[PDB]
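**Student:** Structure, please.
(8 chains, ligands or ions: 17)
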Amino acid sequence: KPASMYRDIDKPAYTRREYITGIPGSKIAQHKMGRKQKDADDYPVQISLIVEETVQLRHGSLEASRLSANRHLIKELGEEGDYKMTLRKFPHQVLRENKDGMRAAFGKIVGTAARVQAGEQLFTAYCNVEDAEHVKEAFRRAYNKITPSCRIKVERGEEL
Amino acid sequence: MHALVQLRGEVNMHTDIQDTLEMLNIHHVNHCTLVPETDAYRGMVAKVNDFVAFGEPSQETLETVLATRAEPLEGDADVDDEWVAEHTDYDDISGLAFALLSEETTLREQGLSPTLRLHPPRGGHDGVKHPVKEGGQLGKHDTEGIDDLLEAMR
Amino acid sequence: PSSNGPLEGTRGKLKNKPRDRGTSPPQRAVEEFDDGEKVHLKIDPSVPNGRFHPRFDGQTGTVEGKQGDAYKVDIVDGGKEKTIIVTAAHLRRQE
Amino acid sequence: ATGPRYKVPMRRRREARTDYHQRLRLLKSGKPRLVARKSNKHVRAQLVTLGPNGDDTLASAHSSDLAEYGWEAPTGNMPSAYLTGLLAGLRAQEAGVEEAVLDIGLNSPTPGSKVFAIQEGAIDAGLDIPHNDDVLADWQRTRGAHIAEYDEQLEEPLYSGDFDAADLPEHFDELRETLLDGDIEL
Amino acid sequence: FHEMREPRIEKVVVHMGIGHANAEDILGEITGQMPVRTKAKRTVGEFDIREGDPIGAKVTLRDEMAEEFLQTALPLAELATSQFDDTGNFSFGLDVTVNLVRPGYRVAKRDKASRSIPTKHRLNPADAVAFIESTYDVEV
RNA sequence: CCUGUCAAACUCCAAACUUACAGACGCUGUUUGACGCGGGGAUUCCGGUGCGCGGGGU
RNA sequence: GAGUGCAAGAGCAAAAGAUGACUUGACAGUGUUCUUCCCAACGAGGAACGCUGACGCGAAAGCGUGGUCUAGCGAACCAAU
RNA sequence: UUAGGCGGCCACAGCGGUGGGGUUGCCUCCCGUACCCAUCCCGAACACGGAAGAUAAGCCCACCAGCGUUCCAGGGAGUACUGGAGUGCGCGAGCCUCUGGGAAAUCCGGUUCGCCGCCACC
Ligand SMILES: [Cl-]
Ligand SMILES: [Cl-]
Ligand SMILES: [Mg+2]
Ligand SMILES: [Mg+2]
Ligand SMILES: [Mg+2]
Ligand SMILES: [Mg+2]
Ligand SMILES: [Mg+2]
Ligand SMILES: [Mg+2]
Ligand SMILES: [Mg+2]
Ligand SMILES: [Mg+2]
Ligand SMILES: [Mg+2]
Ligand code: NA
Ligand code: NA
Ligand code: NA
Ligand code: NA
Ligand code: NA
Ligand code: NA
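**Tutor:** Numbering: from 1, shown residues only, chains lettered A, B, ... in the order given. Ligands and ions are numbered 1, 2, ... in the order given. Provided below are the atomic coordinates:
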């Protein structure tokens, strides 16, 4: 279904699983990517993707975007290139749907999303000064699969 | 000592606000009262801040107004030096005006109506939708800013 | 509310902050107030007996005689005057 | 200790010298507490009252200032106990104090114990204290008869220092006699 | 310093953890005083469901009664190292345990103003071996 | 140790703010009698909207 | 963090928990007050707190108006007692 | 207070650690079971009786901040949030300005190794 149905952060925080049940598994394959043995300190360049609007991102999008992003890094930097990107947000907010009309309308659990306040870092990849234009491209594709507009902001790196 | 001038109507105005305005002796738009600067008084003007225009007027200006708009506690009697003299603890309007600003007495303690019912601002005011810092007319003013209003409504 | 008992919604007010936990001191439980004195009502989470209906926490009544050891404190609920039977353990002197 | 949630006992509870649950029941009577306390070599008797910043001792009596009136025997036994109580009870009387409740602190209500003795003495001093006549040691053991009979099994003096050989519970009588006396500088 | 620090046996406990009696007899004769029924807590599948119920006995020995037990007890044992408590105590064996401590333990066992014994006054495995070993036998 | 996130039914913290009582100023009442008390007569118990805070619901 | 009969939230450590012993206050009578029903009228029911009488326990202060607290309840008429 | 008893506030008092302190004084540990009393077994404890020894415990005294806590400075931050106002902006979600309030985490440096009342006492 549309993200139009869940992109806003108007409902209350719904995460207490000691009361919620039947929560679908996170489609997010993995948060840690690249060479997860090396450190972010071992890299000169650090580029993050910043969500400009406060929103909710269903795990379907986190995966969808995170995927098409890392999938690119792999393609341009080999399956074991010298980089390491990270998805720092997790889908804690449970989402329901009222799928009887408005009678007993409390919805049934259907998914999970991650609340990101505008200005936060959804992604943060670390690379060497040469792969920067690749890590940037990995992000230009990733921000095309999530509700908000984003900024690709370079952190440590004036080697331009 | 500040001059309060209600610039916005009562309709839709919060009640606890309107009641404060009334406690400050103002019951109509364009009415003005001379309030001292105390913790208690500042607490009230703060609450009324959005529907009024206030500040400390210059002796000169206060005099023009007292002369032009002051009234007894009852009756038409024009307040002038002679009136002031024959009725108040002072010798003339200035003598009074000085006492008000110096906060030694109040329009009431002198058989004067607590309110100076001014005239609409000649040439209009800076608007009742924005404060002074935005070019409006609501809020605190310069001793000069307040005078323009008080005198425009002279 | 889902139910309408006396302790409904008193999770916060009738509970102690961890460090105030445990048996309260005896001094304030024996305090002797005099009629007319203004007092503050606040149930002591650690003291079981001598309580009053939670609704009145925060009230500041006036001691007006006692009943047995407990005190009879007059208060005004909204606009209605009421007399509250409470022991010192749950009282403080105003000022 | 551990963290922010940790609950530290009230000081006198840490020290383990005040039983608050019992202290509260005590304070309830409203009467002054007759604090009965012992020591290896001594026995103290205080008449305490409540106060704004703590308790008020209006009258006391320590087994040591007992000799100040003639005592020449040890100061941590029954005759000593009773006597210390009577003394405090007398000063108590002098202070305007009339009734009191027995605070035996962390001690045990063992029948005939020194505290009840302290209590018995104070009561005799004219103080009204809720007691139980038959929880008290019999008049003779108060005199210090059990002790004299122990030195009877002499062979070796029960007393190192010089104070008789078979001991003197009479000294007990002589001292009580001395207090019961109206004069005596309290 | 030495005097008010040199070890001493405070108690020697001797018990028999059966699991359901006629044992109280031997413990009586062997020690020199009456035994004590030993009850248990929690139900056990090993037909030990009954909570409060005789399951063993013990005897707490103090002073002569205790030494005069060890004088014959200790012999029947080949004391070791790993057999010592951290507080300088030790058990072996029918069970026989030896509680050791220095001249001021009453401070932690009384009622009035009690207090736990400072570590710097606790007994040690080593300091334990010493005192004991120094009494008709060998260590490890 | 290091490193990445959360909570309507979590809280080592913690507002604004709401609230009891008292004093002060203000305002008000003592011929316009306030506050309050006793009594007669009702109507009314389909509400709606804006704003703020909400809970449900694409 | 145990336990405290049962939801949930809350209370409790020389105890409100455990063990032991003794005991029947889970007593009779009659009230004050709060709650039921915030404010603000409304019954049954409930609780807190007193008095009178008689008792239990304790050395005693004291504690016991059932179970640590908030659920476990029912008019008139008629019957039985 | 050259070591005591009863407390109030109930961690600023907790946790941990170092140094010092007691011949007829104090508190203790300590010595010891005829008695009062005592252990579902132990004079361990409780209770009673007492001074041969000790300052090692405890306790009193001086001090240490590593942990926990109290308060304060600076920084975070007038940030987050927010009572009042707006024909200010934004498709919208939401934001902004004026007015009155104003955190929390964390960092850095101080603080804190209790304070106070009554009684007794070379
Ligand atoms: Cl109540
Ligand atoms: Cl004592
Ligand atoms: Mg007029
Ligand atoms: Mg014109
Ligand atoms: Mg205009
Ligand atoms: Mg709440
Ligand atoms: Mg509210
Ligand atoms: Mg009860
Ligand atoms: Mg019928
Ligand atoms: Mg029947
Ligand atoms: Mg030393
Ligand atoms: Na249906
Ligand atoms: Na987008
Ligand atoms: Na408490
Ligand atoms: Na009723
Ligand atoms: Na048995
Ligand atoms: Na010492």
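**Student:** number of nearby residues for residue 26?
**Tutor:** Defaulting to chain A. 16 (other CB atoms under 10 Å in any protein chain shown). Yep, even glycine has a C-beta here, placed from its N, CA and C like the rest.
**Student:** you looked at the wrong chain, it should be chain C
**Tutor:** Per other CB under 10 Å, the neighbour tally for residue C:26 reads 19.
**Student:** near RNA strand H, anything from whichever strand in chain E runs longest?
**Tutor:** Counting by DSSP state E, the longest strand found in chain E is strand E:9-17. Yes: counting by CB under 7 Å from any atom of the strand, RNA strand H has neighbours in strand E:9-17: E:10-11.
**Student:** check contacts around the residue nearest to residue D:107 when sequence neighbours are not counted.
**Tutor:** In this structure, residue D:107 finds its nearest non-sequential neighbour in residue D:115, 5.5 Å apart by CB to CB, 6 or more residues apart in numbering or on different chains. Residue D:115 is in contact with D:36, D:38, D:81, D:102, D:104, D:107, D:109, counting by CB atoms under 8 Å, 6 or more residues apart in numbering or on different chains.
**Student:** again, 10 Å this time
**Tutor:** D:34-38, D:43, D:45, D:81, D:85, D:102-105, D:107-109 (CB atoms under 10 Å, 6 or more residues apart in numbering or on different chains).
**Student:** before we move on, back to that, show me what the longest strand of chain E packs onto, helices and strands only.
**Tutor:** Judged by 3 or more CB pairs under 10 Å, 6 or more residues apart in numbering or on different chains; DSSP states H and E, the packing partners of strand E:9-17 are helix E:24-31, strand E:36-38, strand E:56-58, strand E:60-61, helix E:64-73, strand E:95-100.
**Student:** buried residues in that strand?
**Tutor:** Neighbour-count burial for strand E:9-17, counted by 16 or more other CB atoms under 10 Å in any protein chain shown, picks out E:9-16.
**Student:** could I get the residues you listed as a markdown table with distance to residue B:77?
**Tutor:** Shown next, in a markdown table, are the buried residues of strand E:9-17 (distance: CB to CB, whole Å):
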| residue | distance to residue B:77 |
| --- | --- |
| E:9 | 111 |
| E:10 | 106 |
| E:11 | 107 |
| E:12 | 113 |
| E:13 | 109 |
| E:14 | 115 |
| E:15 | 111 |
| E:16 | 116 |
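**Student:** which of these lies closest to ligand 2?
**Tutor:** residue E:10 (24.2 Å; CB to the ion).
**Student:** you'd agree the closest one is up against residue E:88?
**Tutor:** No: checked against CB atoms under 10 Å, the pair residue E:10 and residue E:88 is beyond contact range at 11.3 Å.
**Student:** if I look at these two, which residues touch both of them?
**Tutor:** Joint contacts of residue E:10 and residue E:88 (CB under 10 Å, 6+ apart) are E:98-102.
**Student:** In CSV: the residues you listed, plus neighbour count.
**Tutor:** As requested, the shared contacts of residue E:10 and residue E:88 are exported to CSV (neighbours: other CB atoms under 10 Å in any protein chain shown):
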residue, neighbour count
E:98, 24
E:99, 21
E:100, 23
E:101, 22
E:102, 18
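**Student:** Name the nearest of the residues you listed relative to residue D:68.
**Tutor:** Distance to residue D:68 across the shared contacts of residue E:10 and residue E:88 (CB to CB) is lowest for residue E:102, with 39.2 Å.
**Student:** could you dump the longest strand of chain E to CSV, C-alpha only?
**Tutor:** Extracted as CSV, the C-alpha positions of strand E:9-17 are listed here (Å, rounded to 0.1, in the frame of the first residue of the first chain):
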residue,chain,number,x,y,z
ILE,E,9,37.6,-22.1,66.7
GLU,E,10,34.2,-20.5,67.2
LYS,E,11,32.1,-23.5,66.1
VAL,E,12,32.4,-26.9,64.6
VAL,E,13,29.2,-28.1,63.0
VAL,E,14,28.6,-31.8,62.3
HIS,E,15,25.5,-32.8,60.2
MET,E,16,24.2,-35.6,58.1
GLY,E,17,22.2,-34.7,55.0
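**Student:** Give the burial count for the closest residue to chain E within chain B, as a bare number.
**Tutor:** Nearest residue of chain B to chain E (CB to the nearest CB) works out as residue B:39 at 54.4 Å. Counted by other CB under 10 Å, the residues lying close to residue B:39 total 6.
**Student:** which stretch among the helices and strands packed on strand E:9-17 comes nearest residue A:9?
**Tutor:** Nearest to residue A:9, of these and by CB to CB, is strand E:36-38 at 63.8 Å.
**Student:** ok, residue C:87 - contacts?
**Tutor:** Counted by CB under 10 Å, 6+ apart, residue C:87 has contacts C:29-31, C:44, C:47, C:49-52, C:66, C:68-71.
**Student:** switch to 6 Å and redo it
**Tutor:** Residues near residue C:87 by CB atoms under 6 Å, 6 or more residues apart in numbering or on different chains: C:50, C:70.
**Student:** cool, residue D:116 as well?
**Tutor:** Counted by CB under 6 Å, 6+ apart, residue D:116 has contacts D:135-136.
**Student:** The contacts of residue D:115 in helices, which ones?
**Tutor:** Under the assignment DSSP state H, the contacts of residue D:115 contribute D:81, D:85 to helices.
**Student:** Buried among the contacts of residue D:115? Need that as a selection in PyMOL.
**Tutor:** Entered in PyMOL, the line below selects the buried ones among the contacts of residue D:115, by 16+ other CB under 10 Å:
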select buried, chain D and resi 34+35+36+37+38+43+45+81+85+102+103+104+105+107
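**Student:** same for RNA strand H: which of the contacts of residue D:115 are within range?
**Tutor:** D:35, D:37-38, D:103, D:105, D:107-108.
**Student:** So which of these reach ligand 2?
**Tutor:** By CB under 5 Å from the ion, the members of those lying near ligand 2 are D:37-38.
**Student:** between the ones next to RNA strand H among the contacts of residue D:115, which is nearest chain C?
**Tutor:** Nearest member of these to chain C, counting by CB to the nearest CB, is residue D:103, at 12.6 Å.
**Student:** which residue packs closest to the residue nearest the centre of chain D, ignoring adjacent ones?
**Tutor:** By CA atoms, centre = their mean, chain D has its centre lying nearest to residue D:118, at 3.5 Å. Residue nearest to residue D:118 in three dimensions, not counting chain neighbours: residue D:85, with 3.8 Å by CB to CB, 6+ apart.
**Student:** Hmm, the one you found is touching residue D:122, no?
**Tutor:** Yes: counting by CB atoms under 6 Å, residue D:85 does reach residue D:122; the two are 4.3 Å apart.
**Student:** Output the contacting helices and strands for the longest helix along chain A.
**Tutor:** The longest helix of chain A (DSSP H) is helix A:59-77. Judged by 3 or more CB pairs under 6 Å, 6 or more residues apart in numbering or on different chains; DSSP states H and E, the packing partners of helix A:59-77 are strand A:83-87, helix A:132-142.
**Student:** I am finished for the moment; much appreciated.
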